[PDB]
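This document opens with one chain alone, in structure tokens, the form deposited in one PDB entry.
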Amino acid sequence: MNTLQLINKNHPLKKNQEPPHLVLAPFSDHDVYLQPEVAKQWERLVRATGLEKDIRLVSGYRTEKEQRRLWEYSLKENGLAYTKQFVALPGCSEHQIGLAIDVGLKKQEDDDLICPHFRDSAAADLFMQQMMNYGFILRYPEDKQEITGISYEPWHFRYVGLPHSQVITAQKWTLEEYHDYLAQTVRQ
């Protein structure tokens, strides 16, 4: 189980890839499932930031079939442009390996399917200060769209574990750039 696995349009999942072990993750108002270490660190993060009343887990594990239904729904409802921007192709979603969390605010009207609100908020600010100390990175940062192939998603966090999350966040890297960095270092 590689917590650093790069999954995107250029690196899709293999169909022989073992489905992740899963557990039900806490701090949601519905059933969300995550790889066990991810759930454990998510829980540690929420408790340590004391954000129990302020944030919630919106989305976790999705099967490929589910990712395809999500994709097809957004394509139909929101059009190809929006969908390519904000939804990963089936086979290319981190949600399919149980290492991705979508996080939202608990006091939200509007709250949308594809783009849960995790912006303009003291809680989100605190979450962004401590996330990396529990193994999470902001997967799709602003102005990295050409590197990640995905538009800015303040709600989507990827578990990579320590110290990777701290290294990545401090350098304001994407996971793509992190792999580039590691490959360049073994190359030198």
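Numbering starts at 1 and runs along the sequence shown. Shifts are known only where both forms have a C-alpha. The term rigid core refers to the most C-alpha atoms you can superpose between the two forms while keeping them within 1.5 Å.
- On average, are the C-alpha B-factors higher in 62 to 70 or in 141 to 149? Comparing 62 to 70 with 141 to 149, the higher average CA B-factor belongs to 141 to 149.
- Between 90 to 98 and 106 to 114 (mean CA B-factor, as deposited), the higher: Mean CA B-factor is higher for 106 to 114.
- Query: Taking the values straight from the PDB record, which of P36, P163, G50, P154 has the highest C-alpha temperature factor?
  - Reply: Highest C-alpha B-factor among the listed residues goes to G50.
- Kindly indicate the residue among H179, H11, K14, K172 with the greatest C-alpha B-factor in the PDB record. Spelled out: the listed residue with the top C-alpha B-factor is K14.
- Taking the values exactly as deposited, rank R119 by C-alpha B-factor within its chain and report the matching third: lowest, middle or highest. According to the entry, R119 has a C-alpha B-factor in the chain's highest third.
- Task: Can you work out whether the C-alpha temperature factor of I7 puts it in the lowest, middle or highest third of the chain?
- Result: Its C-alpha B-factor, which the entry lists for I7, ranks in the lowest third among residues of this chain.
- Query: Taking the C-alpha B-factors as the PDB entry records them, is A81 in the lowest, middle or highest third of its chain?
  - Reply: Within its chain, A81 is a highest-third residue by C-alpha B-factor, going by the deposited values.
- Query: Should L126 be placed in the lowest, middle or highest third of its chain by the C-alpha B factor in the entry?
  - Reply: It falls in the top third of the chain.
Separately, the form deposited in another entry exists; it is not shown, and the next lines address it.
- Residue among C115, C92, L105, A100 whose Cα moves 2 Å or more between the shown form and the other one, once the rigid core is superposed: Looking at each option in turn, only one qualifies, and it is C115.
- Message: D112 and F157: their C-alpha distance differs by 3 angstroms or more in that other deposited form. Do they come closer or move farther apart compared with the shown form?
- Response: Distance between the C-alphas of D112 and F157: shorter in that other deposited form, by 3 Å or more.
- Sense of the change in Cα distance from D125 to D112 in that other deposited form - at least 3 Å versus the shown form: They are closer; the C-alpha distance drops by 3 Å or more in that other deposited form.
- Message: Taking only residues present in both forms and a 2 angstroms threshold on CA movement, what segments of three or more in a row shift between the shown form and the other one once the core is aligned?
- Response: When the rigid core is held fixed, residues 109 to 117 make up the only run that shifts.
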